[PDB]
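Below is one structure, written out as structure tokens; comments come after it.
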Amino acid sequence: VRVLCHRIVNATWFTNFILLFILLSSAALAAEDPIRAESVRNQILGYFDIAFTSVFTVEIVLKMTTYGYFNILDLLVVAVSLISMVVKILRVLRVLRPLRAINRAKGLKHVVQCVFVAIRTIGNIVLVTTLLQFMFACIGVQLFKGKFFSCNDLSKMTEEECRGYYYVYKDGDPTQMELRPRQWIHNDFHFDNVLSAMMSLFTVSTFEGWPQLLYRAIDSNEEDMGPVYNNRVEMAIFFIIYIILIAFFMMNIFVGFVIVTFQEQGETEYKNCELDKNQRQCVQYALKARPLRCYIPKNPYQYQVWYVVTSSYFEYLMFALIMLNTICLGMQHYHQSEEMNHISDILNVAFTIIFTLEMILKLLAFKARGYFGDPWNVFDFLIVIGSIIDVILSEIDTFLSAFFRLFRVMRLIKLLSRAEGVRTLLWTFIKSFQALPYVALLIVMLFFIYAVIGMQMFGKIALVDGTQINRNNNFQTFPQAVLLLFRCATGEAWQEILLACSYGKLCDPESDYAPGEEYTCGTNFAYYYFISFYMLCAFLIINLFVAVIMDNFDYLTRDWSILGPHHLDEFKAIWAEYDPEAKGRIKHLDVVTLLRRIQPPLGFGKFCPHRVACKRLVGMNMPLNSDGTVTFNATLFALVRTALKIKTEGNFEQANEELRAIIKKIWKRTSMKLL
Amino acid sequence: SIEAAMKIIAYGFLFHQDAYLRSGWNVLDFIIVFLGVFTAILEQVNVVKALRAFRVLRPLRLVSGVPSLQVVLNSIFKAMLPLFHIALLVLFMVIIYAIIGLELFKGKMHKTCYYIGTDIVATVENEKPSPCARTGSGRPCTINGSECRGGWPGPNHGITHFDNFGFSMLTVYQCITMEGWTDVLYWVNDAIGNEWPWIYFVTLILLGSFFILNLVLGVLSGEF
Amino acid sequence: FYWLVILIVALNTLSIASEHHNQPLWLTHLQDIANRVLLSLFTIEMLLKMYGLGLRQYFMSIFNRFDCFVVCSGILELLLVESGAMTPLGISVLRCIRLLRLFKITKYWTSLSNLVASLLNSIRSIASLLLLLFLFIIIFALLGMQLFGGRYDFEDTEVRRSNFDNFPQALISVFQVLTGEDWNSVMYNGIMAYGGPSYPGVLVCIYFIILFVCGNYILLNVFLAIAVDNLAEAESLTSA
Amino acid sequence: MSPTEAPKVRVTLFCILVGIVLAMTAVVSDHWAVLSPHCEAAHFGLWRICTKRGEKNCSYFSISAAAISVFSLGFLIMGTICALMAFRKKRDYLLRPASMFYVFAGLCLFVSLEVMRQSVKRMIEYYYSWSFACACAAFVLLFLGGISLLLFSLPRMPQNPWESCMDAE
Ligand SMILES: COC(=O)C1=C(C)NC(C)=C([N+](=O)[O-])[C@H]1c1ccccc1C(F)(F)F
Ligand SMILES: [Ca+2]
Ligand SMILES: [Ca+2]
């Protein structure tokens, strides 16, 4: 019936129920063993691939009884699923399971589209480097065609002489040598046709292995001959012009295209109103603020301890003891003396006692409710407790763990609470990663899709040592494949991993292969895999960087000359020394004596205030409530209304006209700033 | 030198050769000339080879001689005032990770596999020398007829390790550049096992490289 | 006519492309046809413009400056062979000069000409950043000659090709460190060129850190003061 | 009421109520190793060592792990007294001191786990079935139900210049 099939699917218990299977269906691909289809792991995960795939079949029939672009893939994920239970390609398109999540999440629905918009925009510029890549690839075929062959020993210059056996000499020793066959070998990247030449030049544009191609090209001599040492050293000009043209200028004129044309995403709308962006970043702060806590205590015994700690000499003492602990931690080294190994045991018990005494005194002076409310004291409470334990746990070692020694290193981070300019730079970028999580979600997905396909296509290469597929760098588990991919994103000999993955490799013996089929591992799909991954990733990472730089562009052009939130940030602290808690108003006996402490962009100047500061505070618009009751969310609009936005009279409610149309929504308590 | 002579006496005395001094560019010109005669005499009397390398300061007299190149270095130096809070963040981050590495990996990469009875390090033909372990989490040294003993100076002729604060800080700066950082990861795996130390390395390459470059780039965008 | 110049534009490009090693003899000879035929057809599209709409106007276009040198240097090479003067060094240089014939598709883009309109008026601003950058490379290349030239005399048998022995090679070595590519291997050779991993000779390494950090600082003032300030004025000139 | 009566902080605090007992399941059960010579089959733990061929001979001898897991139990004790008292009297700040002890109680099993592995490695095979994967599910519970409770009780990032960390109310 169209009414029980309509209400079950719709609200909340169908979206948090099917998506928690998509996340678990995807984790079933990752947990697969690549080498053996016969594992007891690999058997029992196929029975979840019949447990999920009966549930998503319910999702189709419960949907296709309701109605008559993104659901034709959901029919593909079901149809491949029952089929897969070419068979080799019907396993590979079983990776499309996280793609039905980017339809159900509407935060995901949009960020995939913004990529596709930025793909069509960058296309014309892309054509120009694509034609430039072809122009250079043809120059390289005319320079280096047939010239990247060589022999095993460098004595033999033609293929006809490169026969038989020669001696290598281990450890450079002419007494110690072994016999090997000589062989006429071709360089893996060459300029022999135009298409290989584009592959060689793509590698040099990633900067990977480009001096290896450079010294091969300087040594090139004639067609079908081996290299001659420092033959044509002037062929560095070909490689250096290509790097300046492609790998620098073109790449830059691709990034700076995104930056200016992501400015338009914050500039394609039009604002001919009364108040501009700097009036916007100033008014709304006074509207939407909130007073805060200055946990000033009472009880002059507690105030005797409170006046010590918040003072400058206690902030100066404790930050000069973190410096000396950092120096004592730097002094440790390997094979050190007995009176040196233990003075990092004497002082580290000494530094622990000193920071455990500052934690106690801040409980006693700050009225211990008011200690844990401050976030940098929760961090200091965890360094205290974690370094009490390591002093005990090392003491209990010798009386009868390298993790708890880390707490010692962590105290260094405290120093960043004095630095306002580093902590403001840190917050501004950390929040912008936090605010835009789906742009980074895509990168996670790209790695995930690639790692499952890499395990399916490369996971049976043997881990032989001296090659690029080995115990440290393979596709045989999901953590390993992912790690290998990250290495490539970093571009850390990614083209040499690419060559270790093509056709003709040794399969590991625990693979299922016929006798006489050992070298049948690997595929020449590796070329599409690696280049594509390399290219998808570059787009993904620049996309994320420029989306984060967008978020904080008001800060990245904040122009500290004129005005900023920092004058405003400083103001709250001054106000907070008049309030035990928020409460709205303070007395009036502090409203005259307020204006002596503020910067002349916001307060007044250095000079004699008997003209300006005595009359203008009444002379400007201020609210008129009762005598000693004036509040924080009413002055702080008007207090910056001196610094900018001078007006004429009668139109004080014509402040509130542009406080709705050029403004956002209601801001209900704004009768305070009006009169 | 006669240029430095005819440009103090076309002006006058000491406070007129201070008018030769007040601009910072001629300050560069006089340290070169004095230094130039300071090595050319001490070379003759010693009849110096390390003071010869200061002659490469002479091509910087050519930027004092082109006026349209003195407007760039000023604007080059001007862009460094926005990027100082970043450069102090990068610095303390290399200090954090260097010390952690020192505690965690200090003296750990000193055993390689050798030929039995000998002082000859055993490798495969394309393999570089890496740490071993005996009966633990590391790699077991299984080439052929080899055993591993700990008398080895380390992974790149004894350069890249975490034995003291200076060499730990050089291997961390080298990783933060993204050049050779997976060699150092793989060597630590070889020495002590592959279960934990990727957490050290991936976190450094993500904060110390990628996150740092988003802020440096951001500052550049703000300036331009 | 906007679809029948691309017959010889995409025949010439294709002709250039099929060049490969150990290629058939008919393929080399089919490329003897396309060089003679299309150079005559390159004349017919060019002789019609200088006489059919005015030789004064024909020089006024910027790509019609380019059209003449295609013919004037292409038929020059055919007269260079057919005189007994095949000139074995000039047989492969001039086959890179006819590689400018696939630069004739610039008249077909009409999409990024506001950049090159803009890029062009800024070449007295392009070279002032690129001179002091190349001046920076020269000073570090000569400094590496004083520090490391003559010093890589190892009694190994391995080759250390990025060294500081000549000025051209020293120059090649500095640019390699500026890209970052394998810059630590260059630094490992310079530390072993002094004593090795010991307290005076390890301070070699600060040469390489200053060249990497201060050098790539100039690169981000070069290619970002270009591609922000030269790629926003095109955005201004397109929005006008 | 906003950091202490939100459901996202009580789903986590009930999750710690699972890991408070699974780490107690491990610290009494001695089943996380199998000596297998081939009968001399022994099952190791912290407190008792029992060799089974009934001939059930359980006795003591391991000291490191035992001593280390007094602290893993103890922090669990010291964190809850902060957590049980932070749901009353309108102090949710008090909730903050308590979480730190659940990371520590998490990490003082992970030393224990590493300490028990050495005993089986120095001493014939090894197999863990009942109480290593118990404590490796109470490590991962307490270590990650502690860090998430921390970030579900630290205020956030203001996301605005006006907003301030530890901002009033
Ligand atoms: C087609 O160009 C290409 O082959 C590319 C080469 C040869 N090198 C690399 C590293 C690219 N890539 O995938 O990032 C593109 C490239 C490069 C510079 C600017 C732009 C692009 C562009 F392709 F993204 F446009
Ligand atoms: Ca590299
Ligand atoms: Ca590189």
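Throughout, a chain's letter reflects where its sequence line sits, starting with A, and its residues are numbered from 1. Each ligand, and each atom within it, is numbered from 1 in the order the structure gives. Just the heavy atoms: all of them, side chains too, but no hydrogens, waters or symmetry mates, feed the values below.
Note: A:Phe248 and A:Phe207 meet the aromatic proximity criterion, with ring centroids under 6.0 Å apart. Aromatic rings of C:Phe212 and C:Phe208 (six-membered ring for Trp) have centroids beyond the 6.0 Å cut-off, not under it. In this structure, the ring of B:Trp181 has its center no less than 6.0 angstrom from the ring center of B:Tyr200.
Closest to atom 8 (N) of ligand 1 among all protein heavy atoms lies A:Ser205 OG, 2.5 Å. Remark: minimum distance from atom 11 (C) of ligand 1 to any protein heavy atom is reached at A:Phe202 CE1, 3.6 Å. Among protein heavy atoms, the minimum distance from atom 14 (O) of ligand 1 is reached at A:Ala538 CB, 4.4 Å. Summary of contacts: the protein heavy atom closest to atom 13 (O) of ligand 1 is A:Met535 CG, 2.6 Å. Among protein heavy atoms, atom 18 (C) of ligand 1 sits closest to A:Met251 CG, 3.5 Å. Of all protein heavy atoms, the one closest to atom 24 (F) of ligand 1 is A:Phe254 CZ, 4.3 Å. Of the protein's non-hydrogen atoms, the one nearest atom 22 (C) of ligand 1 is A:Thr129 OG1, 4.3 Å.
The main-chain N or O of A:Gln468 is found under 3.5 Å from a side-chain atom of A:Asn473 such that the two form a donor-acceptor pair.
Under the side chain to side chain contact (heavy atoms under 4.5 Å, CB included) rule, C:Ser111 has a single partner from A:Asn124, A:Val128, A:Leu127, which is A:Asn124.
Among heteroatoms of the N, O or S kind in B:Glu179, OE1 lies nearest the Ca ion (ligand 2). For A:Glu208, the N, O or S atom with the smallest separation from the Ca ion (ligand 2) is OE2.
Residues B:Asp183 and B:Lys128 are paired through a salt bridge, judged by an N-O separation under 4.0 Å between the basic side chain and the carboxylate.
Which parts of ligand 1 touch A:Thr130 is read off a 4.0 Å heavy-atom cut-off, strictly below it: atoms 1 (C). Distances below 4.0 Å separate heavy atoms of A:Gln133 from the following atoms of ligand 1: 7 (C).
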side-chain contact (heavy atoms from CB on, under 4.5 Å) evaluation trace for B:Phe167 with B:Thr160: CA-CA 7 Å; B:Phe167 281 101; B:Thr160 167; over 6 Å; no
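Taking 4.5 Å as the limit, some side-chain heavy atom of B:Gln174 sits within range of a side-chain heavy atom of B:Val184.
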